Amino acid sequence: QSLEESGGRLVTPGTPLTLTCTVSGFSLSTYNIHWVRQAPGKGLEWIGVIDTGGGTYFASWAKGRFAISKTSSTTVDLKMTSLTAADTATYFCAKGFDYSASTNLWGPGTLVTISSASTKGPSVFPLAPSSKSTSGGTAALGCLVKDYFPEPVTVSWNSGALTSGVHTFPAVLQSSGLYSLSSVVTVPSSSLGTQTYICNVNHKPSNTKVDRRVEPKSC
Amino acid sequence: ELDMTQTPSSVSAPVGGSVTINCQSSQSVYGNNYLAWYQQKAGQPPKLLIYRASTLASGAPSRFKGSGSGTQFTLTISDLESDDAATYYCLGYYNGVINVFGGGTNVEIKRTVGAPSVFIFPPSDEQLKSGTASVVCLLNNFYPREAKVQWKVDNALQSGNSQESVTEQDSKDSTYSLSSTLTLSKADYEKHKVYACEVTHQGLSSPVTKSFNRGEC
Ligand SMILES: CO[C@H]1O[C@H](CO)[C@@H](O)[C@H](O[C@@H]2O[C@@H](C)[C@@H](O)[C@@H](O)[C@@H]2O)[C@H]1NC(C)=O
């Protein structure tokens, strides 16, 4: 039993936007659906709810800018109008047992960006030590994911097989107006000659998919 | 119109310790008890801990306890573990079909001071082909969060051309990590030789330095 949001993307202000909550393993004839959002670095904010009969109710601030509809036995749309930069956020849907937004079943979220800037895909550069021996028995390796817009980018290591010792940093907005993000991992020095370490980078908004192998630079 | 005020915004406590998080509503919640508590970590949706003021959500551990009624509610986390480092929210339901989240509370696990492991990374030849040079300094697995990075280029202290990012507190060892990125034009990078990262932190009796020379392995 799960939910998954989709449709979060970059649009210019005033462009209408529709998000979709796709559900699996429970019935919309039995459960309600809540929508919640969260601006970058901010707290959770309730938007509204649709009940089993399709009746909808919203936060006082919505003011008719938002609408909810059940479009099939497994899908629920959130339609948004008069969008501005204030509406840039990650949007969640959640299974409602009742009208209370208290529930243990949430989607992962879909990210919405309201901006007139254009999409740009990142370059991916190695963060590599000069030597296998530069820092003793442990080495740090990394990937610099530079100059993209909008959010998000995801990074994993070795196709998800390597998670321990991984630190993927929050994106920083550069003065250029593009984001940059670094991801690093600490690994044993003693096998750097033969073990492969690859960062798997994805920037879905630009259809950018890059695997970068990182190792110490040769002299 | 109605306010949900969550306090404190931040609290620090040791493993084995306890914290109390408070929510005060300007108006009684629905049925006097429709108040829920959530835990949230970076990049994830919130996880339900408590609902109806005091009912433990299936699969949340016993050390989370909710209490209260009307307009005043408390979440008490006892026997703190590293995994409890997170942001916590209350959520009230109200007459008129209204839900309101509290502003949130960040819970930090207070642990012994630990020095950072520092690493430095020169710009890649790939990047240099497009006119910019990024130099990165990594400070790995330290506590507490505060740390200072000073870049030096041929012993000139850099100012205004670096940006930092910090991870959320680690759920296993309660440490932070930080990356600092020094951005130079390729032209500037190639006019200088010695690149150094100097790191100041409570776990270090004096600042530690890592350096490299451009084009010298
Ligand atoms: C805890 O939620 C359950 O009890 C409440 C109150 O009696 C009830 O309203 C819930 O019914 C659901 O929500 C209402 C608004 C309608 O949409 C109804 O069709 C829903 O089933 C009930 N939840 C469940 C899952 O039975």
# chains A, B, ... in the order shown; residues from 1 in each chain; ligands from 1
call {"tool": "interface_residues", "arguments": {"of": "chain B", "to": "chain A", "cutoff": "8 Å", "atoms": "only C-alpha atoms", "output": "ChimeraX atom specification"}}
result
/B:34,36,44-48,51,57,91-93,97-101,103-104,119-124,126-127,136,163-167,177-179,216-217
call {"tool": "write_last_selection", "arguments": {"atoms": "C-alpha atoms", "output": "PDB file, in the first residue's frame"}}
result
ATOM      1  CA  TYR B  34      -7.286  15.555  17.741  1.00  0.00           C
ATOM      2  CA  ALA B  36      -0.871  14.337  16.122  1.00  0.00           C
ATOM      3  CA  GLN B  44      11.643  12.239   3.385  1.00  0.00           C
ATOM      4  CA  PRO B  45       7.951  12.621   4.158  1.00  0.00           C
ATOM      5  CA  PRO B  46       7.007  12.924   7.838  1.00  0.00           C
ATOM      6  CA  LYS B  47       6.474   9.770   9.883  1.00  0.00           C
ATOM      7  CA  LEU B  48       3.519   9.551  12.245  1.00  0.00           C
ATOM      8  CA  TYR B  51      -2.343  10.597  17.035  1.00  0.00           C
ATOM      9  CA  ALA B  57       1.322   4.997  15.948  1.00  0.00           C
ATOM     10  CA  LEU B  91      -0.637  18.705  13.686  1.00  0.00           C
ATOM     11  CA  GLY B  92      -3.998  19.846  15.016  1.00  0.00           C
ATOM     12  CA  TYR B  93      -7.405  19.143  13.489  1.00  0.00           C
ATOM     13  CA  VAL B  97     -12.369  20.916   8.571  1.00  0.00           C
ATOM     14  CA  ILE B  98      -9.068  22.695   9.186  1.00  0.00           C
ATOM     15  CA  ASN B  99      -5.628  21.180   9.813  1.00  0.00           C
ATOM     16  CA  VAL B 100      -2.702  23.238  11.115  1.00  0.00           C
ATOM     17  CA  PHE B 101       0.931  22.218  11.578  1.00  0.00           C
ATOM     18  CA  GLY B 103       6.244  25.427  13.183  1.00  0.00           C
ATOM     19  CA  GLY B 104       8.529  22.523  14.038  1.00  0.00           C
ATOM     20  CA  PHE B 119      40.217  16.301   2.886  1.00  0.00           C
ATOM     21  CA  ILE B 120      41.068  18.675   0.035  1.00  0.00           C
ATOM     22  CA  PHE B 121      40.249  18.291  -3.674  1.00  0.00           C
ATOM     23  CA  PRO B 122      41.822  20.185  -6.566  1.00  0.00           C
ATOM     24  CA  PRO B 123      39.718  21.180  -9.581  1.00  0.00           C
ATOM     25  CA  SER B 124      39.426  18.527 -12.298  1.00  0.00           C
ATOM     26  CA  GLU B 126      37.548  18.415 -17.163  1.00  0.00           C
ATOM     27  CA  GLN B 127      36.223  21.490 -15.354  1.00  0.00           C
ATOM     28  CA  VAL B 136      36.655  21.663  -2.386  1.00  0.00           C
ATOM     29  CA  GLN B 163      30.082  28.626  -0.108  1.00  0.00           C
ATOM     30  CA  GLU B 164      29.415  25.919   2.510  1.00  0.00           C
ATOM     31  CA  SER B 165      26.857  23.144   2.903  1.00  0.00           C
ATOM     32  CA  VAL B 166      26.200  20.982   6.006  1.00  0.00           C
ATOM     33  CA  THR B 167      24.489  17.591   6.313  1.00  0.00           C
ATOM     34  CA  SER B 177      29.868  16.886   7.839  1.00  0.00           C
ATOM     35  CA  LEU B 178      30.551  20.063   5.905  1.00  0.00           C
ATOM     36  CA  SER B 179      31.812  20.884   2.443  1.00  0.00           C
ATOM     37  CA  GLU B 216      52.122  18.616  -8.674  1.00  0.00           C
ATOM     38  CA  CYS B 217      50.097  15.517  -7.674  1.00  0.00           C
TER      39      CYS B 217
END
call {"tool": "residues_near_ligand", "arguments": {"ligand": "ligand 1", "cutoff": "8 Å", "atoms": "only C-alpha atoms and all ligand atoms", "output": "VMD selection string"}}
result
chain A and resid 29 to 32 50 to 53 96 to 99
call {"tool": "atom_distance", "arguments": {"atom1": "CA of residue 156 in chain A", "atom2": "CA of residue 180 in chain B"}}
result
20.4 Å
call {"tool": "select_by_dssp", "arguments": {"residues": "range 1-216 of chain B", "states": "strand (DSSP E or B)", "output": "ChimeraX atom specification"}}
result
/B:4-7,10-14,19-25,35-40,47-51,55-56,64-69,72-77,86-94,98-101,105-110,114,117-121,132-143,148-153,156-157,162-166,176-185,194-200,208-213
call {"tool": "atom_distance", "arguments": {"atom1": "CA of residue 23 in chain A", "atom2": "CA of residue 2 in chain A"}}
result
5.9 Å
call {"tool": "residues_around", "arguments": {"residues": "residue 196 in chain A", "least_positions_apart": "4", "cutoff": "12 Å", "atoms": "only C-alpha atoms", "output": "PyMOL selection string"}}
result
chain A and resi 141+157-159+161-162+187-188+191-192+211-216
call {"tool": "residues_around", "arguments": {"residues": "residue 71 in chain B", "least_positions_apart": "5", "cutoff": "10 Å", "atoms": "only C-alpha atoms", "output": "tab-separated table (two decimals) with N, CA and C atoms, in the first residue's frame"}}
result
chain	number	residue	atom	x	y	z
B	4	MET	N	-1.06	27.80	15.88
B	4	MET	CA	-0.50	26.66	16.59
B	4	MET	C	0.95	27.00	16.90
B	23	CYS	N	3.13	22.05	22.21
B	23	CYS	CA	2.30	22.75	21.23
B	23	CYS	C	1.11	23.40	21.92
B	24	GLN	N	0.90	24.68	21.61
B	24	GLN	CA	-0.21	25.42	22.17
B	24	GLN	C	-1.07	25.97	21.05
B	25	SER	N	-2.35	25.60	21.07
B	25	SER	CA	-3.33	26.06	20.10
B	25	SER	C	-4.07	27.28	20.62
B	26	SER	N	-4.36	28.25	19.76
B	26	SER	CA	-5.18	29.39	20.19
B	26	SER	C	-6.64	29.02	20.40
B	27	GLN	N	-7.04	27.89	19.82
B	27	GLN	CA	-8.40	27.38	19.95
B	27	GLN	C	-8.34	25.88	20.21
B	28	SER	N	-9.26	25.34	21.01
B	28	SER	CA	-9.27	23.89	21.26
B	28	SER	C	-9.34	23.09	19.97
B	29	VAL	N	-8.55	22.01	19.90
B	29	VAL	CA	-8.59	21.12	18.76
B	29	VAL	C	-9.90	20.34	18.80
B	30	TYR	N	-10.25	19.76	17.66
B	30	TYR	CA	-11.45	18.96	17.53
B	30	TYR	C	-11.52	17.86	18.58
B	32	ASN	N	-11.25	17.95	21.59
B	32	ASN	CA	-10.23	18.20	22.62
B	32	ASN	C	-8.94	17.37	22.50
B	33	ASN	N	-8.93	16.37	21.61
B	33	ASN	CA	-7.77	15.48	21.54
B	33	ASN	C	-7.23	15.19	20.14
B	35	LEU	N	-4.90	15.79	17.98
B	35	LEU	CA	-3.58	16.38	17.86
B	35	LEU	C	-2.59	15.25	17.60
B	92	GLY	N	-2.70	19.79	14.37
B	92	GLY	CA	-4.00	19.85	15.02
B	92	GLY	C	-5.12	19.83	13.99
call {"tool": "residues_around", "arguments": {"residues": "residue 175 in chain A", "least_positions_apart": "5", "cutoff": "12 Å", "atoms": "only C-alpha atoms", "output": "number ranges by chain"}}
result
A: 147, 180; B: 160-163, 183
call {"tool": "residues_around", "arguments": {"residues": "residue 115 in chain B", "least_positions_apart": "3", "cutoff": "8 Å", "atoms": "only C-alpha atoms", "output": "list in words"}}
result
residues 141, 142, 143, 201, 202, 203 and 204 of chain B
call {"tool": "select_by_dssp", "arguments": {"residues": "chain B", "states": "alpha helix (DSSP H)", "output": "number ranges by chain"}}
result
B: 125-128, 186-190
call {"tool": "decode", "arguments": {"residues": "range 56-162 of chain B", "atoms": "C-alpha atoms", "output": "compact mmCIF listing (two decimals), in the first residue's frame"}}
result
# COMPACT_ATOMS: atom_id res chain seq x y z
CA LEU B 56 1.17 5.53 19.72
CA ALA B 57 1.32 5.00 15.95
CA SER B 58 1.94 1.38 14.92
CA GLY B 59 5.69 0.84 14.65
CA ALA B 60 6.83 3.94 16.52
CA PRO B 61 8.92 2.97 19.59
CA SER B 62 7.61 3.18 23.17
CA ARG B 63 9.93 6.06 24.08
CA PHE B 64 7.64 8.53 22.28
CA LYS B 65 4.78 9.59 24.55
CA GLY B 66 2.06 12.13 23.82
CA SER B 67 -0.13 13.88 26.35
CA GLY B 68 -2.52 16.78 26.66
CA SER B 69 -6.03 18.04 26.02
CA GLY B 70 -7.85 21.08 24.68
CA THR B 71 -5.17 23.55 23.61
CA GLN B 72 -2.04 22.27 25.37
CA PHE B 73 -0.08 19.24 24.15
CA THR B 74 3.31 17.63 24.82
CA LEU B 75 5.53 15.11 23.06
CA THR B 76 8.10 13.58 25.43
CA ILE B 77 10.98 11.61 23.95
CA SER B 78 12.81 9.62 26.60
CA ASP B 79 15.76 7.21 26.38
CA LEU B 80 17.08 9.25 23.45
CA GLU B 81 18.97 7.45 20.69
CA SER B 82 21.04 8.76 17.81
CA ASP B 83 18.14 7.86 15.47
CA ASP B 84 15.96 10.49 17.17
CA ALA B 85 17.90 13.37 15.63
CA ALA B 86 15.16 14.90 13.45
CA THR B 87 12.63 17.70 13.09
CA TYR B 88 9.33 17.18 14.92
CA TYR B 89 5.88 18.67 14.14
CA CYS B 90 2.52 18.73 15.83
CA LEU B 91 -0.64 18.71 13.69
CA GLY B 92 -4.00 19.85 15.02
CA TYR B 93 -7.40 19.14 13.49
CA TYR B 94 -10.17 21.68 14.08
CA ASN B 95 -13.89 22.24 13.76
CA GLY B 96 -14.58 23.55 10.27
CA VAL B 97 -12.37 20.92 8.57
CA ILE B 98 -9.07 22.70 9.19
CA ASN B 99 -5.63 21.18 9.81
CA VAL B 100 -2.70 23.24 11.11
CA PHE B 101 0.93 22.22 11.58
CA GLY B 102 3.11 23.61 14.34
CA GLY B 103 6.24 25.43 13.18
CA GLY B 104 8.53 22.52 14.04
CA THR B 105 11.27 21.62 16.50
CA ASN B 106 14.78 20.43 15.71
CA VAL B 107 16.12 17.85 18.12
CA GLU B 108 19.90 17.50 18.33
CA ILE B 109 21.70 14.61 20.03
CA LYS B 110 24.41 16.06 22.26
CA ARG B 111 27.54 13.87 22.07
CA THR B 112 31.23 14.18 22.99
CA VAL B 113 33.32 16.60 20.93
CA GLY B 114 34.84 14.92 17.87
CA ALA B 115 37.38 16.49 15.50
CA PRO B 116 36.73 16.59 11.75
CA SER B 117 38.67 14.48 9.27
CA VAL B 118 39.69 16.99 6.60
CA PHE B 119 40.22 16.30 2.89
CA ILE B 120 41.07 18.68 0.03
CA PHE B 121 40.25 18.29 -3.67
CA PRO B 122 41.82 20.18 -6.57
CA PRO B 123 39.72 21.18 -9.58
CA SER B 124 39.43 18.53 -12.30
CA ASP B 125 41.03 18.94 -15.72
CA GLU B 126 37.55 18.41 -17.16
CA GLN B 127 36.22 21.49 -15.35
CA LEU B 128 39.25 23.64 -16.23
CA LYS B 129 38.32 23.30 -19.93
CA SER B 130 35.25 25.47 -19.35
CA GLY B 131 36.86 28.39 -17.54
CA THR B 132 36.10 27.88 -13.86
CA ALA B 133 37.99 26.12 -11.09
CA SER B 134 36.18 24.63 -8.09
CA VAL B 135 38.38 23.69 -5.10
CA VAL B 136 36.65 21.66 -2.39
CA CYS B 137 37.41 21.14 1.30
CA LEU B 138 35.55 18.35 3.13
CA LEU B 139 35.22 18.25 6.92
CA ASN B 140 33.95 14.78 7.77
CA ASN B 141 32.10 13.45 10.85
CA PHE B 142 32.60 16.12 13.53
CA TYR B 143 30.72 17.47 16.58
CA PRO B 144 29.55 20.10 17.43
CA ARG B 145 28.15 21.66 14.23
CA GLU B 146 30.18 24.87 14.36
CA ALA B 147 33.32 24.85 12.24
CA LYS B 148 35.36 27.46 10.38
CA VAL B 149 37.05 27.04 7.00
CA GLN B 150 39.66 29.53 5.79
CA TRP B 151 41.01 29.19 2.26
CA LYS B 152 44.48 30.41 1.38
CA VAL B 153 45.89 30.87 -2.12
CA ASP B 154 49.66 31.56 -2.12
CA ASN B 155 49.04 32.56 1.52
CA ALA B 156 46.43 35.18 0.72
CA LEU B 157 43.30 34.68 2.85
CA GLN B 158 40.22 34.23 0.65
CA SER B 159 37.00 36.07 1.32
CA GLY B 160 33.66 36.14 -0.53
CA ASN B 161 34.38 33.34 -3.03
CA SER B 162 33.40 30.30 -0.95
